[PDB]
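**Student:** What follows is input15.json, JSON, N, CA and C atoms.
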[["chain", "number", "residue", "atom", "x", "y", "z"],
["A", 1, "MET", "N", -2.04, -11.72, -7.27],
["A", 1, "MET", "CA", -3.35, -11.23, -6.83],
["A", 1, "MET", "C", -4.38, -11.24, -7.97],
["A", 2, "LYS", "N", -5.63, -11.61, -7.66],
["A", 2, "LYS", "CA", -6.69, -11.83, -8.67],
["A", 2, "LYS", "C", -7.34, -10.54, -9.22],
["A", 3, "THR", "N", -7.30, -9.43, -8.47],
["A", 3, "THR", "CA", -7.86, -8.12, -8.85],
["A", 3, "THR", "C", -6.79, -7.04, -9.02],
["A", 4, "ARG", "N", -7.15, -6.05, -9.84],
["A", 4, "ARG", "CA", -6.30, -4.95, -10.31],
["A", 4, "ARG", "C", -6.44, -3.71, -9.42],
["A", 5, "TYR", "N", -5.79, -2.61, -9.81],
["A", 5, "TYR", "CA", -5.91, -1.31, -9.14],
["A", 5, "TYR", "C", -7.31, -0.68, -9.23],
["A", 6, "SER", "N", -7.63, 0.22, -8.28],
["A", 6, "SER", "CA", -8.91, 0.94, -8.20],
["A", 6, "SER", "C", -8.72, 2.46, -8.16],
["A", 7, "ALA", "N", -9.43, 3.17, -9.05],
["A", 7, "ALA", "CA", -9.50, 4.63, -9.07],
["A", 7, "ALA", "C", -10.50, 5.19, -8.04],
["A", 8, "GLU", "N", -11.46, 4.36, -7.62],
["A", 8, "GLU", "CA", -12.62, 4.69, -6.79],
["A", 8, "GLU", "C", -12.29, 4.82, -5.29],
["A", 9, "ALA", "N", -11.02, 5.09, -4.96],
["A", 9, "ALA", "CA", -10.49, 5.15, -3.61],
["A", 9, "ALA", "C", -11.12, 6.28, -2.75],
["A", 10, "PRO", "N", -11.09, 6.15, -1.41],
["A", 10, "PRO", "CA", -11.55, 7.18, -0.47],
["A", 10, "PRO", "C", -10.65, 8.41, -0.48],
["A", 11, "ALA", "N", -11.19, 9.52, 0.04],
["A", 11, "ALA", "CA", -10.41, 10.69, 0.43],
["A", 11, "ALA", "C", -9.68, 10.43, 1.77],
["A", 12, "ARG", "N", -8.60, 11.18, 2.04],
["A", 12, "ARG", "CA", -7.73, 10.96, 3.21],
["A", 12, "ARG", "C", -8.47, 11.09, 4.55],
["A", 13, "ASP", "N", -9.51, 11.92, 4.63],
["A", 13, "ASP", "CA", -10.35, 12.07, 5.83],
["A", 13, "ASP", "C", -11.40, 10.96, 5.97],
["A", 14, "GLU", "N", -11.88, 10.38, 4.86],
["A", 14, "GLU", "CA", -12.82, 9.24, 4.90],
["A", 14, "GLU", "C", -12.08, 7.94, 5.28],
["A", 15, "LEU", "N", -10.85, 7.78, 4.77],
["A", 15, "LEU", "CA", -9.91, 6.73, 5.14],
["A", 15, "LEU", "C", -9.58, 6.75, 6.64],
["A", 16, "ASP", "N", -9.51, 7.93, 7.26],
["A", 16, "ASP", "CA", -9.12, 8.11, 8.66],
["A", 16, "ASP", "C", -10.16, 7.53, 9.64],
["A", 17, "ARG", "N", -11.37, 7.23, 9.15],
["A", 17, "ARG", "CA", -12.46, 6.61, 9.90],
["A", 17, "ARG", "C", -12.39, 5.07, 9.92],
["A", 18, "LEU", "N", -11.58, 4.43, 9.06],
["A", 18, "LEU", "CA", -11.36, 2.97, 9.11],
["A", 18, "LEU", "C", -10.63, 2.54, 10.39],
["A", 19, "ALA", "N", -10.68, 1.25, 10.74],
["A", 19, "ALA", "CA", -9.93, 0.69, 11.87],
["A", 19, "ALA", "C", -9.52, -0.78, 11.61],
["A", 20, "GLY", "N", -8.21, -1.02, 11.63],
["A", 20, "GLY", "CA", -7.57, -2.33, 11.44],
["A", 20, "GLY", "C", -6.23, -2.23, 10.68],
["A", 21, "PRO", "N", -5.40, -3.29, 10.69],
["A", 21, "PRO", "CA", -4.12, -3.30, 9.98],
["A", 21, "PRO", "C", -4.37, -3.30, 8.47],
["A", 22, "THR", "N", -4.09, -2.16, 7.82],
["A", 22, "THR", "CA", -4.47, -1.89, 6.43],
["A", 22, "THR", "C", -3.31, -1.24, 5.70],
["A", 23, "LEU", "N", -2.77, -1.92, 4.69],
["A", 23, "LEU", "CA", -1.77, -1.37, 3.80],
["A", 23, "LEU", "C", -2.46, -0.61, 2.66],
["A", 24, "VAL", "N", -2.10, 0.66, 2.45],
["A", 24, "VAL", "CA", -2.60, 1.48, 1.34],
["A", 24, "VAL", "C", -1.48, 1.70, 0.34],
["A", 25, "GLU", "N", -1.66, 1.17, -0.87],
["A", 25, "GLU", "CA", -0.68, 1.13, -1.96],
["A", 25, "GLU", "C", -1.03, 2.11, -3.07],
["A", 26, "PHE", "N", -0.07, 2.97, -3.44],
["A", 26, "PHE", "CA", -0.19, 3.94, -4.53],
["A", 26, "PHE", "C", 0.58, 3.45, -5.76],
["A", 27, "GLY", "N", -0.04, 3.61, -6.93],
["A", 27, "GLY", "CA", 0.51, 3.18, -8.21],
["A", 27, "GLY", "C", -0.57, 3.05, -9.28],
["A", 28, "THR", "N", -0.38, 2.13, -10.23],
["A", 28, "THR", "CA", -1.38, 1.68, -11.22],
["A", 28, "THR", "C", -1.17, 0.20, -11.53],
["A", 29, "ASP", "N", -2.02, -0.41, -12.35],
["A", 29, "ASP", "CA", -1.81, -1.80, -12.79],
["A", 29, "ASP", "C", -0.83, -1.90, -13.98],
["A", 30, "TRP", "N", -0.35, -0.77, -14.50],
["A", 30, "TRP", "CA", 0.31, -0.66, -15.81],
["A", 30, "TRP", "C", 1.68, 0.06, -15.81],
["A", 31, "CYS", "N", 2.06, 0.77, -14.74],
["A", 31, "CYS", "CA", 3.40, 1.37, -14.63],
["A", 31, "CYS", "C", 4.49, 0.30, -14.43],
["A", 32, "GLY", "N", 5.67, 0.51, -15.00],
["A", 32, "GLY", "CA", 6.85, -0.36, -14.87],
["A", 32, "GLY", "C", 7.39, -0.44, -13.44],
["A", 33, "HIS", "N", 7.14, 0.57, -12.60],
["A", 33, "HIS", "CA", 7.37, 0.47, -11.15],
["A", 33, "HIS", "C", 6.49, -0.63, -10.54],
["A", 34, "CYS", "N", 5.19, -0.59, -10.86],
["A", 34, "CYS", "CA", 4.21, -1.54, -10.36],
["A", 34, "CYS", "C", 4.44, -2.96, -10.86],
["A", 35, "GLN", "N", 4.93, -3.15, -12.08],
["A", 35, "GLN", "CA", 5.18, -4.50, -12.59],
["A", 35, "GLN", "C", 6.25, -5.25, -11.79],
["A", 36, "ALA", "N", 7.10, -4.50, -11.09],
["A", 36, "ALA", "CA", 8.12, -4.99, -10.16],
["A", 36, "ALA", "C", 7.60, -5.09, -8.70],
["A", 37, "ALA", "N", 6.80, -4.13, -8.23],
["A", 37, "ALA", "CA", 6.33, -4.08, -6.85],
["A", 37, "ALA", "C", 5.09, -4.96, -6.60],
["A", 38, "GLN", "N", 4.22, -5.14, -7.60],
["A", 38, "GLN", "CA", 3.04, -6.00, -7.51],
["A", 38, "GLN", "C", 3.36, -7.47, -7.19],
["A", 39, "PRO", "N", 4.25, -8.17, -7.94],
["A", 39, "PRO", "CA", 4.68, -9.52, -7.58],
["A", 39, "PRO", "C", 5.52, -9.55, -6.30],
["A", 40, "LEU", "N", 6.08, -8.41, -5.87],
["A", 40, "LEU", "CA", 6.78, -8.29, -4.59],
["A", 40, "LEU", "C", 5.77, -8.46, -3.46],
["A", 41, "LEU", "N", 4.72, -7.62, -3.46],
["A", 41, "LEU", "CA", 3.62, -7.68, -2.50],
["A", 41, "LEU", "C", 3.00, -9.07, -2.53],
["A", 42, "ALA", "N", 2.69, -9.60, -3.72],
["A", 42, "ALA", "CA", 2.11, -10.95, -3.87],
["A", 42, "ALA", "C", 2.93, -12.06, -3.17],
["A", 43, "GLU", "N", 4.27, -11.97, -3.20],
["A", 43, "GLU", "CA", 5.16, -12.92, -2.51],
["A", 43, "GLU", "C", 5.11, -12.76, -0.98],
["A", 44, "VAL", "N", 5.21, -11.53, -0.46],
["A", 44, "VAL", "CA", 5.15, -11.28, 1.00],
["A", 44, "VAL", "C", 3.75, -11.57, 1.58],
["A", 45, "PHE", "N", 2.69, -11.05, 0.95],
["A", 45, "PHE", "CA", 1.30, -11.11, 1.43],
["A", 45, "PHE", "C", 0.76, -12.54, 1.59],
["A", 46, "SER", "N", 1.32, -13.51, 0.87],
["A", 46, "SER", "CA", 0.94, -14.93, 0.98],
["A", 46, "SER", "C", 1.16, -15.51, 2.40],
["A", 47, "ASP", "N", 1.98, -14.87, 3.24],
["A", 47, "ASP", "CA", 2.21, -15.23, 4.65],
["A", 47, "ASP", "C", 1.45, -14.34, 5.65],
["A", 48, "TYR", "N", 0.79, -13.27, 5.19],
["A", 48, "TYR", "CA", 0.06, -12.28, 6.02],
["A", 48, "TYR", "C", -1.38, -11.94, 5.52],
["A", 49, "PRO", "N", -2.22, -12.93, 5.13],
["A", 49, "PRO", "CA", -3.54, -12.68, 4.52],
["A", 49, "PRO", "C", -4.54, -11.95, 5.43],
["A", 50, "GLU", "N", -4.28, -11.83, 6.74],
["A", 50, "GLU", "CA", -5.09, -11.04, 7.67],
["A", 50, "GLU", "C", -4.90, -9.51, 7.53],
["A", 51, "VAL", "N", -3.84, -9.05, 6.85],
["A", 51, "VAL", "CA", -3.63, -7.61, 6.55],
["A", 51, "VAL", "C", -4.58, -7.19, 5.40],
["A", 52, "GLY", "N", -5.13, -5.97, 5.45],
["A", 52, "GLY", "CA", -5.93, -5.39, 4.36],
["A", 52, "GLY", "C", -5.03, -4.75, 3.29],
["A", 53, "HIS", "N", -5.43, -4.74, 2.02],
["A", 53, "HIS", "CA", -4.70, -4.04, 0.95],
["A", 53, "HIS", "C", -5.63, -3.19, 0.07],
["A", 54, "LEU", "N", -5.28, -1.92, -0.13],
["A", 54, "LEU", "CA", -6.03, -0.96, -0.94],
["A", 54, "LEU", "C", -5.14, -0.43, -2.07],
["A", 55, "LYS", "N", -5.42, -0.87, -3.31],
["A", 55, "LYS", "CA", -4.67, -0.49, -4.51],
["A", 55, "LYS", "C", -5.21, 0.83, -5.12],
["A", 56, "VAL", "N", -4.61, 1.97, -4.80],
["A", 56, "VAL", "CA", -5.09, 3.30, -5.24],
["A", 56, "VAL", "C", -4.43, 3.71, -6.55],
["A", 57, "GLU", "N", -5.27, 3.84, -7.58],
["A", 57, "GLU", "CA", -4.88, 4.14, -8.95],
["A", 57, "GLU", "C", -4.62, 5.65, -9.13],
["A", 58, "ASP", "N", -3.36, 6.05, -8.96],
["A", 58, "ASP", "CA", -2.95, 7.46, -8.78],
["A", 58, "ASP", "C", -3.00, 8.31, -10.07],
["A", 59, "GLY", "N", -3.23, 7.67, -11.23],
["A", 59, "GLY", "CA", -3.43, 8.32, -12.52],
["A", 59, "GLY", "C", -4.86, 8.86, -12.66],
["A", 60, "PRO", "N", -5.88, 7.99, -12.85],
["A", 60, "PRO", "CA", -7.27, 8.39, -13.07],
["A", 60, "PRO", "C", -8.05, 8.68, -11.77],
["A", 61, "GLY", "N", -7.60, 8.15, -10.62],
["A", 61, "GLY", "CA", -8.30, 8.24, -9.33],
["A", 61, "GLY", "C", -7.83, 9.38, -8.42],
["A", 62, "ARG", "N", -8.25, 9.32, -7.16],
["A", 62, "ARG", "CA", -7.84, 10.29, -6.12],
["A", 62, "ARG", "C", -6.32, 10.28, -5.91],
["A", 63, "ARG", "N", -5.72, 11.47, -5.82],
["A", 63, "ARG", "CA", -4.27, 11.70, -5.63],
["A", 63, "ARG", "C", -3.81, 11.48, -4.18],
["A", 64, "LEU", "N", -4.17, 10.34, -3.58],
["A", 64, "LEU", "CA", -4.03, 10.07, -2.14],
["A", 64, "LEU", "C", -2.58, 10.17, -1.64],
["A", 65, "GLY", "N", -1.59, 9.76, -2.45],
["A", 65, "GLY", "CA", -0.16, 9.82, -2.11],
["A", 65, "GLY", "C", 0.38, 11.24, -1.88],
["A", 66, "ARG", "N", -0.29, 12.27, -2.41],
["A", 66, "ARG", "CA", -0.02, 13.67, -2.09],
["A", 66, "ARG", "C", -0.25, 13.94, -0.59],
["A", 67, "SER", "N", -1.38, 13.49, -0.05],
["A", 67, "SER", "CA", -1.81, 13.75, 1.34],
["A", 67, "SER", "C", -1.15, 12.79, 2.35],
["A", 68, "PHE", "N", -0.46, 11.75, 1.87],
["A", 68, "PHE", "CA", 0.55, 11.01, 2.63],
["A", 68, "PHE", "C", 1.96, 11.59, 2.50],
["A", 69, "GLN", "N", 2.18, 12.55, 1.61],
["A", 69, "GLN", "CA", 3.47, 13.19, 1.33],
["A", 69, "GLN", "C", 4.52, 12.13, 0.89],
["A", 70, "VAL", "N", 4.12, 11.29, -0.07],
["A", 70, "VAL", "CA", 4.93, 10.20, -0.64],
["A", 70, "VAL", "C", 6.22, 10.71, -1.30],
["A", 71, "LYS", "N", 7.34, 10.01, -1.06],
["A", 71, "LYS", "CA", 8.68, 10.36, -1.56],
["A", 71, "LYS", "C", 8.95, 9.86, -2.99],
["A", 72, "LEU", "N", 8.96, 8.53, -3.20],
["A", 72, "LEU", "CA", 8.98, 7.90, -4.52],
["A", 72, "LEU", "C", 7.61, 7.28, -4.81],
["A", 73, "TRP", "N", 7.16, 7.38, -6.06],
["A", 73, "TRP", "CA", 5.79, 7.03, -6.46],
["A", 73, "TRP", "C", 5.32, 5.60, -6.07],
["A", 74, "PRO", "N", 6.11, 4.52, -6.27],
["A", 74, "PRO", "CA", 5.76, 3.20, -5.78],
["A", 74, "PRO", "C", 6.01, 3.11, -4.27],
["A", 75, "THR", "N", 4.98, 3.46, -3.49],
["A", 75, "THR", "CA", 4.98, 3.48, -2.03],
["A", 75, "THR", "C", 3.68, 2.89, -1.53],
["A", 76, "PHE", "N", 3.78, 2.24, -0.38],
["A", 76, "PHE", "CA", 2.64, 1.69, 0.35],
["A", 76, "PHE", "C", 2.81, 1.98, 1.85],
["A", 77, "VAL", "N", 1.77, 2.60, 2.43],
["A", 77, "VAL", "CA", 1.74, 3.08, 3.82],
["A", 77, "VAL", "C", 0.94, 2.09, 4.66],
["A", 78, "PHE", "N", 1.60, 1.51, 5.67],
["A", 78, "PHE", "CA", 0.99, 0.57, 6.61],
["A", 78, "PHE", "C", 0.23, 1.39, 7.65],
["A", 79, "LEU", "N", -1.09, 1.23, 7.67],
["A", 79, "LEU", "CA", -1.98, 1.82, 8.67],
["A", 79, "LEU", "C", -2.35, 0.78, 9.72],
["A", 80, "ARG", "N", -2.82, 1.31, 10.83],
["A", 80, "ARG", "CA", -3.49, 0.63, 11.94],
["A", 80, "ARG", "C", -4.34, 1.67, 12.67],
["A", 81, "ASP", "N", -5.58, 1.33, 13.05],
["A", 81, "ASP", "CA", -6.61, 2.28, 13.52],
["A", 81, "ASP", "C", -7.01, 3.33, 12.45],
["A", 82, "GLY", "N", -6.64, 3.10, 11.18],
["A", 82, "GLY", "CA", -6.82, 4.06, 10.08],
["A", 82, "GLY", "C", -5.77, 5.17, 10.02],
["A", 83, "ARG", "N", -4.63, 5.01, 10.71],
["A", 83, "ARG", "CA", -3.53, 5.98, 10.78],
["A", 83, "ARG", "C", -2.19, 5.28, 10.57],
["A", 84, "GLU", "N", -1.22, 6.00, 10.02],
["A", 84, "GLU", "CA", 0.10, 5.45, 9.67],
["A", 84, "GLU", "C", 0.87, 4.93, 10.89],
["A", 85, "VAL", "N", 1.32, 3.67, 10.80],
["A", 85, "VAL", "CA", 2.30, 3.04, 11.71],
["A", 85, "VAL", "C", 3.69, 2.90, 11.07],
["A", 86, "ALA", "N", 3.76, 2.91, 9.73],
["A", 86, "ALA", "CA", 4.96, 2.77, 8.91],
["A", 86, "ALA", "C", 4.63, 3.00, 7.43],
["A", 87, "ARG", "N", 5.65, 2.94, 6.58],
["A", 87, "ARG", "CA", 5.51, 2.78, 5.13],
["A", 87, "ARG", "C", 6.76, 2.13, 4.53],
["A", 88, "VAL", "N", 6.60, 1.53, 3.36],
["A", 88, "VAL", "CA", 7.72, 1.03, 2.54],
["A", 88, "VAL", "C", 7.72, 1.82, 1.22],
["A", 89, "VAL", "N", 8.88, 2.42, 0.91],
["A", 89, "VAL", "CA", 9.15, 3.17, -0.33],
["A", 89, "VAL", "C", 10.21, 2.38, -1.12],
["A", 90, "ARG", "N", 9.91, 2.05, -2.39],
["A", 90, "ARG", "CA", 10.81, 1.32, -3.31],
["A", 90, "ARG", "C", 11.31, -0.03, -2.70],
["A", 91, "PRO", "N", 10.52, -1.13, -2.76],
["A", 91, "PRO", "CA", 10.83, -2.38, -2.05],
["A", 91, "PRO", "C", 12.12, -3.05, -2.53],
["A", 92, "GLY", "N", 12.29, -3.25, -3.84],
["A", 92, "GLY", "CA", 13.51, -3.82, -4.44],
["A", 92, "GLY", "C", 13.62, -5.34, -4.30],
["A", 93, "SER", "N", 13.52, -5.85, -3.07],
["A", 93, "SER", "CA", 13.65, -7.27, -2.71],
["A", 93, "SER", "C", 12.71, -7.65, -1.56],
["A", 94, "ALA", "N", 12.15, -8.87, -1.59],
["A", 94, "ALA", "CA", 11.22, -9.38, -0.57],
["A", 94, "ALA", "C", 11.80, -9.35, 0.85],
["A", 95, "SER", "N", 13.12, -9.42, 1.00],
["A", 95, "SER", "CA", 13.79, -9.22, 2.29],
["A", 95, "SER", "C", 13.50, -7.86, 2.95],
["A", 96, "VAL", "N", 13.23, -6.80, 2.17],
["A", 96, "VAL", "CA", 12.83, -5.47, 2.69],
["A", 96, "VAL", "C", 11.33, -5.43, 2.96],
["A", 97, "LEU", "N", 10.52, -5.99, 2.06],
["A", 97, "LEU", "CA", 9.06, -5.95, 2.17],
["A", 97, "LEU", "C", 8.54, -6.86, 3.30],
["A", 98, "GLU", "N", 8.99, -8.12, 3.34],
["A", 98, "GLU", "CA", 8.67, -9.06, 4.41],
["A", 98, "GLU", "C", 9.07, -8.53, 5.79],
["A", 99, "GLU", "N", 10.26, -7.94, 5.93],
["A", 99, "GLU", "CA", 10.76, -7.35, 7.18],
["A", 99, "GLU", "C", 9.81, -6.27, 7.74],
["A", 100, "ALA", "N", 9.21, -5.48, 6.87],
["A", 100, "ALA", "CA", 8.19, -4.52, 7.27],
["A", 100, "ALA", "C", 6.86, -5.21, 7.60],
["A", 101, "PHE", "N", 6.42, -6.20, 6.81],
["A", 101, "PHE", "CA", 5.13, -6.85, 7.01],
["A", 101, "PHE", "C", 5.05, -7.51, 8.40],
["A", 102, "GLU", "N", 6.06, -8.31, 8.76],
["A", 102, "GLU", "CA", 6.13, -8.91, 10.10],
["A", 102, "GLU", "C", 6.19, -7.85, 11.21],
["A", 103, "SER", "N", 6.85, -6.72, 10.98],
["A", 103, "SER", "CA", 6.94, -5.65, 11.97],
["A", 103, "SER", "C", 5.60, -4.95, 12.23],
["A", 104, "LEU", "N", 4.73, -4.83, 11.21],
["A", 104, "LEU", "CA", 3.45, -4.12, 11.30],
["A", 104, "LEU", "C", 2.26, -5.05, 11.54],
["A", 105, "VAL", "N", 2.37, -6.33, 11.18],
["A", 105, "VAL", "CA", 1.38, -7.37, 11.53],
["A", 105, "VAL", "C", 1.47, -7.75, 13.02],
["A", 106, "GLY", "N", 2.64, -7.53, 13.65],
["A", 106, "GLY", "CA", 2.91, -7.83, 15.06],
["A", 106, "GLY", "C", 3.69, -9.13, 15.31],
["A", 107, "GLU", "N", 4.27, -9.72, 14.26],
["A", 107, "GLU", "CA", 5.09, -10.94, 14.30],
["A", 107, "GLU", "C", 6.60, -10.62, 14.29],
["A", 108, "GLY", "N", 6.98, -9.36, 14.53],
["A", 108, "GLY", "CA", 8.33, -8.82, 14.28],
["A", 108, "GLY", "C", 9.43, -9.54, 15.06]]
Show this structure as structure tokens.
**Tutor:**
Amino acid sequence: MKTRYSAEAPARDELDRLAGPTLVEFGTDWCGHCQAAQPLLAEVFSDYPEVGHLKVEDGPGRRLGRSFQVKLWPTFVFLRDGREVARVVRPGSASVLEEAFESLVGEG
């Protein structure tokens, strides 16, 4: 991906006003969790470019993963209509991440 994480993210109630298939990702551009999960997303997302992605910088920016009640810090919540349809916690392998992407894009 050509752009990095953003601290300038919305609040959880401002996010709730969006509408469309939107993945919201918590992390940073610099954590060792992210150095593994970022190229994971980059591999899966190349087949699903119609999905939205929001990189929320959980260090300097809004603590959005608190209000999603995130389990492990490298997590991304799949929204639709601006509300949760699923999430992936700790991807590990593209076989787990791709399996969720097709399920939430509607190609399942």
**Student:** List as number ranges by chain the residues having at least one atom at most 6 Å from position (-5.9, -0.2, 5.5) as given in the file, counting only N, CA and C atoms.
**Tutor:** A: 20-24, 52-54, 79
**Student:** As JSON, numbers by chain, which residues of chain A does DSSP assign to helix (DSSP H, G or I)?
**Tutor:** {"A": [12, 13, 14, 15, 34, 35, 36, 37, 38, 39, 40, 41, 42, 43, 44, 45, 64, 65, 66, 67, 94, 95, 96, 97, 98, 99, 100, 101, 102, 103, 104, 105]}
**Student:** Hey, what does DSSP flag as strand (DSSP E or B) within chain A? Can you give it to me as a ChimeraX atom specification?
**Tutor:** /A:6,22-27,52-57,75-80,83-89
**Student:** Quick one: pull the distance between atom N of residue 108 of chain A and atom CA of residue 38 of chain A, Å, one decimal.
**Tutor:** 22.6 Å
**Student:** Quick one: of A:3, A:8, A:26, A:17, who's nearest to residue 62 of chain A, counting only N, CA and C atoms?
**Tutor:**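 Checking each of A:3, A:8, A:26, A:17 against residue 62 of chain A, counting only N, CA and C atoms, the winner is A:8.
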**Student:** Scan for residues within 8 Å of the point (-7.4, 5.1, 8.4) in the coordinates of the file, using all atoms listed in the file, and reply as a ChimeraX atom specification.
**Tutor:** /A:12-20,22,79-84
**Student:** Those residues with N, CA and C atoms, as a compact mmCIF listing (two decimals), keeping the file's coordinate frame please?
**Tutor:**
# COMPACT_ATOMS: atom_id res chain seq x y z
N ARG A 12 -8.60 11.18 2.04
CA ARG A 12 -7.73 10.96 3.21
C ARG A 12 -8.47 11.09 4.55
N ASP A 13 -9.51 11.92 4.63
CA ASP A 13 -10.35 12.07 5.83
C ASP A 13 -11.40 10.96 5.97
N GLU A 14 -11.88 10.38 4.86
CA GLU A 14 -12.82 9.24 4.90
C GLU A 14 -12.08 7.94 5.28
N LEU A 15 -10.85 7.78 4.77
CA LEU A 15 -9.91 6.73 5.14
C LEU A 15 -9.58 6.75 6.64
N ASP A 16 -9.51 7.93 7.26
CA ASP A 16 -9.12 8.11 8.66
C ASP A 16 -10.16 7.53 9.64
N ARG A 17 -11.37 7.23 9.15
CA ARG A 17 -12.46 6.61 9.90
C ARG A 17 -12.39 5.07 9.92
N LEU A 18 -11.58 4.43 9.06
CA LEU A 18 -11.36 2.97 9.11
C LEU A 18 -10.63 2.54 10.39
N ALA A 19 -10.68 1.25 10.74
CA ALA A 19 -9.93 0.69 11.87
C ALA A 19 -9.52 -0.78 11.61
N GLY A 20 -8.21 -1.02 11.63
CA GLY A 20 -7.57 -2.33 11.44
C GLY A 20 -6.23 -2.23 10.68
N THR A 22 -4.09 -2.16 7.82
CA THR A 22 -4.47 -1.89 6.43
C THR A 22 -3.31 -1.24 5.70
N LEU A 79 -1.09 1.23 7.67
CA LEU A 79 -1.98 1.82 8.67
C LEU A 79 -2.35 0.78 9.72
N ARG A 80 -2.82 1.31 10.83
CA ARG A 80 -3.49 0.63 11.94
C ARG A 80 -4.34 1.67 12.67
N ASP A 81 -5.58 1.33 13.05
CA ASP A 81 -6.61 2.28 13.52
C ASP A 81 -7.01 3.33 12.45
N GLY A 82 -6.64 3.10 11.18
CA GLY A 82 -6.82 4.06 10.08
C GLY A 82 -5.77 5.17 10.02
N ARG A 83 -4.63 5.01 10.71
CA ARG A 83 -3.53 5.98 10.78
C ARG A 83 -2.19 5.28 10.57
N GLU A 84 -1.22 6.00 10.02
CA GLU A 84 0.10 5.45 9.67
C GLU A 84 0.87 4.93 10.89
**Student:** Check which residues of segment 19-69 of chain A sit at most 9 Å from segment 85-91 of chain A using only C-alpha atoms, and return one row each with the closest pair of atoms and their distance in Å to one decimal, ordered by chain and rising number, as a tab-separated table.
**Tutor:**
residue	atom	partner	partner_atom	distance
A:23	CA	A:87	CA	8.5
A:33	CA	A:90	CA	8.6
A:36	CA	A:91	CA	8.9
A:37	CA	A:91	CA	6.8
A:40	CA	A:91	CA	7.6
A:41	CA	A:91	CA	9.0
**Student:** Of the residues A:105, A:1, A:96, A:7, which is the one nearest to residue 59 of chain A, using all atoms listed in the file?
**Tutor:**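 Closest residue, counting all atoms listed in the file: A:7.
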**Student:** Write out as a list in words each polymer residue whose atoms come within 7 Å of segment 42-47 of chain A, counting only C-alpha atoms; drop sequence neighbours fewer than 6 positions from it.
**Tutor:** residues 1, 94, 97 and 98 of chain A
**Student:** Given 6 Å of margin on each side, can you work out the centre and size in Å (one decimal) of an axis-aligned box holding every listed atom of segment 1-18 of chain A, as AutoDock Vina command-line options?
**Tutor:**
--center_x -7.4 --center_y 0.1 --center_z 0.0 --size_x 22.8 --size_y 35.9 --size_z 32.7
**Student:** Which value, in Å to one decimal, gives the distance between atom CA of residue 74 of chain A and atom CA of residue 60 of chain A?
**Tutor:**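 These two atoms are separated by 15.8 Å.
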**Student:** Quick one: pull the distance between atom N of residue 99 of chain A and atom CA of residue 25 of chain A, Å, one decimal.
**Tutor:** 16.3 Å
**Student:** When you count all atoms listed in the file, which of these residues is closest to residue 48 of chain A: A:32, A:10, A:63, A:102?
**Tutor:**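 Looking at the shortest contact to residue 48 of chain A, the residue is A:102.
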**Student:** With all atoms listed in the file as the basis for distance, which of A:104, A:6, A:58, A:34 is at the shortest distance from residue 78 of chain A?
**Tutor:**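 Closest to residue 78 of chain A, using all atoms listed in the file: A:104.
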